[PDB]
Structures are given as structure tokens and as C-alpha cells.
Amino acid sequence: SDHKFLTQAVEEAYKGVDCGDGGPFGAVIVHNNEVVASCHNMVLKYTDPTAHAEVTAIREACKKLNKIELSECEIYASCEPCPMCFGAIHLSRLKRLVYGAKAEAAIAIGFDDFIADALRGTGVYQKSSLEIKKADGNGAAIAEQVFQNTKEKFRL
């Protein structure tokens, strides 16, 4: 179940990087096993540096459910959310976060050294009440191999 939606997010990351919409990142917002939004990074397509997978997914889910809170929903992120996207997940009142890969896997292929203190519990001012699960096992392995596969696809 967690595996299913995290896998869908990984596939979204691959789809988005293939169509040039943005980086290899995907997010899926679900409401009691019903998928509300299935998105990926749209930074290049939208010319929007805020259009990460999770922000895009939140925007879609909110417009679709006609409310600015997603407290009955859960978000699946193929990669550990950034400071911006974790702030967005907090503001959206999403009740649970499941992320597949560590930020270090994206930093390994050259992404910003940009990690959210509130997610890792290393803040003085910003804390978090949100349920956070780092995926393990098969889903985590699949999620982490995304960045090396993407770097290989564009090496030459």
C-alpha cells in the first residue's frame, strides 16, 4: 500500500524527467486509498522555481477537493522534501508523509545541498507534528536508484 503509492511517485519522477517538465521528482497525494493528485516536478514546464513535485501535488489536491487543508490526506514523495516543500506540507495540514530516498541521493548527482531542518528534527524555531515515514526495503532501493539512472540517461 505504502509501496504502491511510493512506486507511483517514482514512476511520476521518471515520467517528468523524460518529458522535460522538470527534475526527477514525483509526489502523490492520497485520501483514504483514493489518489487525489499524481504529479511531478514542473519547474521547467511552468517556468516556476516553486513548482516542485510536492508543491504541484498540493496545489492540485487543494483545487480538486475545494479546501486549503489536506488533513485527511497523505503525501508520498519519491525524494525527501526540501525546506520549501516541507513548509508547504506543514501549511497544507497533510497528516502523513512517506518519502522514499534520502536527500543525499539527489545531492550525489549535483543537486542543491538543501535539506529541511524540520524534517530531520534539527531546528531551534521550526518543529514538526507531522507523521514522517522514511521508506525502507524494496521501495527505498527503487526510489534511491532514480538519481543514478537519470544521471546515466543524460551522461552523453
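Take the two forms, find the largest set of C-alpha atoms that superpose within 1.5 Å, and that set is the rigid core. Quick note: we count residues from 1 along the sequence shown, nothing fancier.
Larger average C-alpha displacement in 7 other deposited structures of this protein, relative to the shown form after a rigid core fit, is seen for 144-152 when comparing 144-152 with 18-26. In 7 other deposited structures of this protein, superposed on the rigid core, the segment with the larger root-mean-square CA displacement between 83-91 and 120-128 is 120-128. Stretches 115-123 and 89-97 differ in mean CA B factor, with 115-123 having the higher one. Comparing the deposited coordinates for 2-10 and 146-154, the stretch with the larger average C-alpha B-factor is 146-154.
Of the candidates 128, 47, 41, 38, the deposited coordinates give 128 the top C-alpha B factor. Annotation for 62, 105, 55, 28: 105 ranks highest, by Cα B-factor. Remark: residue 72 belongs to the highest third of its chain, ranked by C-alpha B-factor as recorded. In the PDB entry, residue 137 places in the highest third of its chain by CA B-factor.
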